[PDB]
Structures are given as structure tokens and as C-alpha cells.
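The structure appears below as C-alpha cells.
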Amino acid sequence: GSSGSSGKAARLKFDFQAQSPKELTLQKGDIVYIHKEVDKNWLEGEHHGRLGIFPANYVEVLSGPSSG
């Protein structure tokens, strides 16, 4: 019932500006959830208020100090 682990959080390398209506506009230092993979350099994601797609280049899978 919506309990477990959706996916991995990714922080935007920098302020991204979506030129197309399909893309998504995000600012440097934001967290987005990836639902499914769109293209080799593209990914899908949904955000509270705005939903669409974004480039996988302006996003990188960060890691936590949880374990060395």
C-alpha cells in the first residue's frame, strides 16, 4: 500500500531550462523521481505540480555516506 522504495534520488547538476512543453524545468539543487527510462540520454519523471521528461545528462546518481 505505497510502502517500500520508489527509486533513487538524483540532484540536478545545475539549473535546467526546459525549452519544450514536454520537458521539465528544474533549478540547480532539486530532487526528482525517475519512473521509467525514456531514451539513452533521456529519462521520465513526475513532480508535484509538474510532470514530464528531462535529460539524463543534467542529472547524476548521487551517493550517501551510509556506507564506505
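Lettering and numbering for the C-alpha cells are positional, with chains as A, B, ... in the shown order, residues counted from 1 in each chain, and ligands counted from 1 in the shown order.
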With a distance cut-off of 7 Å and only C-alpha atoms, select the neighbouring residues of residue 41 of chain A, excluding the residue or stretch itself and same-chain residues fewer than 6 positions from it, and output the selection as a ChimeraX atom specification. /A:55-57
Write the residues of the selection above to a file with C-alpha atoms, as an mmCIF file, in the first residue's frame.
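The resulting out13.cif:
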```
data_model
loop_
_atom_site.group_PDB
_atom_site.id
_atom_site.type_symbol
_atom_site.label_atom_id
_atom_site.label_comp_id
_atom_site.auth_asym_id
_atom_site.auth_seq_id
_atom_site.Cartn_x
_atom_site.Cartn_y
_atom_site.Cartn_z
ATOM 1 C CA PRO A 55 17.859 14.890 -19.956
ATOM 2 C CA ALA A 56 19.946 12.249 -18.185
ATOM 3 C CA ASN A 57 22.980 14.477 -18.725
#
```
So what do you get for atom CA of residue 11 of chain A versus atom CA of residue 30 of chain A, distance-wise?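 Here the two named atoms are 5.4 Å from each other.
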Would you mind telling me which residue in A:68, A:25, A:16, A:58 lies nearest to residue 43 of chain A when using only C-alpha atoms? A:58
For residue 24 of chain A, which of A:67, A:12, A:4, A:62 is the closest residue, counting only C-alpha atoms?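 Comparing A:67, A:12, A:4, A:62 against residue 24 of chain A, the winner is A:12.
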Which one of A:60, A:17, A:52, A:9 sits closest to residue 32 of chain A if you count only C-alpha atoms? A:9
Rank A:6, A:42, A:14, A:51 by their smallest atom-to-atom distance to residue 29 of chain A, using only C-alpha atoms, and report the top residue only.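 Looking at the shortest contact to residue 29 of chain A, the residue is A:14.
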For atom CA of residue 19 of chain A and atom CA of residue 36 of chain A, quote the distance in Å rounded to one decimal.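 Here the two named atoms are 21.4 Å from each other.
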